[PDB]
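Engineer:
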Amino acid sequence: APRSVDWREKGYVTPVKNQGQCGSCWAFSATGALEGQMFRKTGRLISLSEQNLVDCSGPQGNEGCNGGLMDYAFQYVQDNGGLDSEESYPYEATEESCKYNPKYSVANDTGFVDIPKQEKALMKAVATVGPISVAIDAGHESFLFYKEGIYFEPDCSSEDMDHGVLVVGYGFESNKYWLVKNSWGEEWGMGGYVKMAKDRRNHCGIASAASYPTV
Ligand SMILES: NC(N)NCCC[C@@H](NC(=O)[C@H](CSCc1ccccc1)NC(=O)Cc1ccc(-c2ccccc2)cc1)C(=O)N[C@@H](Cc1ccc(O)cc1)C(=O)NCCc1ccccc1
Numbered sequence: 097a098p099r100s101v102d103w104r105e106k107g108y109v110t111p112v113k114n115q116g117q118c119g120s121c122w123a124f125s126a127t128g129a130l131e132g133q134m135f136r137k138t139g140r141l142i143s144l145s146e147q148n149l150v151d152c153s154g155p156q157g158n159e160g161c162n163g164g165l166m167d168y169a170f171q172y173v174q175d176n177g178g179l180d181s182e183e184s185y186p187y188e189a190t191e192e193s194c195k196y197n198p199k200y201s202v203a204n205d206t207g208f209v210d211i212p213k214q215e216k217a218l219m220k221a222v223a224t225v226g227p228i229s230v231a232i233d234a235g236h237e238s239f240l241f242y243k244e245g246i247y248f249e250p251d252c253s254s255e256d257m258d259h260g261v262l263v264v265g266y267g268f269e270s276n277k278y279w280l281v282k283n284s285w286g287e288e289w290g291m292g293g294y295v296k297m298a299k300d301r302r303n304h305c306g307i308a309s310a311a312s313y314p315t316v
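Going left to right, the sequence shown walks through residues 97 to 270, 276 to 316 as mature numbering (1 follows the signal peptide of the UniProt record, and there is no 0) numbers them.
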């Protein structure tokens with residue numbers, strides 16, 4: 097695999113979004129991954145609707161602003177036969193009634209792949225598939241106060257992850278890190294991104310729950 101990868105360079109990633117005070121990170125992580133896969137398949141980058149996922153993927157196991165999984169989101173899209181665009185189905189940061197409209201569907205998937213729980217495997221996926229959905233332990237104030245540099249939290253857990261984010265690449269500094282897209286707005290961290298310790302024994306469990314939708 098390459099020494100470094102940054103899918104933002106090839107137009108696979110939309111601008112940073114903000115989930116607000118709602119446990120919908122799994123939804124933003126899911127749309128981020130689909131946005132990347134739909135781009136590789138059609139050459140068109142279209143911001144997807146997290147709200148659509150929040151209001152309708154309950155049957156698949158998601159709990160709106162109370163949490164969920166990226167995989168459940170992917171499963172919903174497959175079951176649903178589509179997913180509305182961010183433009184047609186705006187984000188409200190609160191659970192509402194399902195308002196899915198197939199006429200505005202701009203994305204779709206035929207399932208998902210769960211990556212082996214190894215950083216080595218996550219690297220291959222990132223290098224050969226595009227942005228990957230992952231979960232990390234972001235429950236420390238060090239993460240809340242993150243501004244710049246390679247994020248390393250000594251008290252991080254590789255077992256219990258509580259924040260779904262998006263890996264858009266990886267690299268090293270002149276020391277290795279994963280390029281992670283968060284959904285807390287562009288004012289947090291590095292323009293909404295965070296460089297997290299890579300090859301430091303699955304730091305914060307970044308490779309424990311990795312996956313992506315198949316298009
Ligand atoms: N321990 C487990 N697991 N608990 C479940 C967690 C539920 C849900 N995730 C959240 O609620 C996240 C937790 S972030 C860390 C934090 C921990 C403590 C205090 C405070 C902050 N909240 C947010 O991002 C909200 C948010 C917080 C802060 C600012 C912000 C930004 C700048 C300045 C000031 C404030 C802006 C926005 C969630 O569903 N997370 C998923 C992540 C995941 C994990 C594995 C995976 O494979 C995919 C996704 C999850 O844990 N899912 C497993 C649980 C589940 C399953 C089905 C249905 C419901 C819940």
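Heads up, the beta-carbon is just placed ideally off N, CA and C, and yes, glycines get one too.
1. Cβ of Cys121 within 7 Å of any heavy atom in ligand 1?
2. Spell out a yes or no on whether the region 300–310 and the region 114–130 are touching, meaning 3 or more CB-CB pairs, one atom from each, closer than 8 Å.
3. Which word fits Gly226, buried or exposed, when buried means at least 16 other C-beta atoms lie within 10 angstroms of its C-beta?
4. Is the closest heavy atom of ligand 1 to the C-beta of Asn158 under 7 Å?
5. From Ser125 to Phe268, what distance separates their C-alpha atoms?
6. Can you list the beta strand (DSSP E) stretches of 3 or more residues lying completely in the region 144–228, in chain order?
7. Just verifying my parser: in three-state terms, what is the DSSP assignment at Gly128?
8. Identify, in the order they occur along the chain, each residue of the same chain with its Cβ nearer than 8 Å to the Cβ of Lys282, setting aside the five sequence neighbours on each side.
9. Have a look at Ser143 and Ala310 and give me their C-alpha separation to the nearest angstrom.
10. To the nearest angstrom, how far is it from the Cα of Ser193 to the Cα of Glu183?
11. Exposed or buried, what is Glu288 when buried is set at 16 or more other beta-carbons lying within 10 Å of its beta-carbon?
12. Would DSSP call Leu262 helix, strand or coil?
13. Does the beta-carbon of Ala217 have 16 or more other beta-carbons within 10 angstroms, so that it is buried, or is it exposed?
14. Spell out a yes or no on whether the region 237–256 and the region 137–157 are touching, meaning 3 or more CB-CB pairs, one atom from each, closer than 8 Å.
Structural biologist: With the structure as the only source:
1. It does: the Cβ of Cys121 is within 7 Å (strictly closer) of some heavy atom of ligand 1.
2. No, because fewer than three Cβ pairs between the region 300–310 and the region 114–130 fall closer than 8 Å, the two stretches do not touch.
3. That one is buried.
4. Correct: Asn158 has its Cβ closer than 7 Å to ligand 1.
5. Near 23 Å, if we compare the C-alpha coordinates of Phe268 and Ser125.
6. 201–203, 208–210, all fully within the region 144–228.
7. Shown here, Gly128 sits in a helix according to DSSP, grouped into three states.
8. Residues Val109, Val112, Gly128, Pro227, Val261, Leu262, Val263, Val264, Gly293, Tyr294 of the same chain have their beta carbon placed closer than 8 Å to that of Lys282, with the five preceding and five following residues left out of the count.
9. Roughly 23 Å between the two C-alpha positions.
10. Rounded to the nearest angstrom, the two C-alpha atoms are 18 Å apart.
11. Classification for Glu288: exposed.
12. Residue state for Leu262 is assigned as strand, using DSSP reduced to three classes.
13. So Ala217 counts as exposed.
14. Segments in contact, no.
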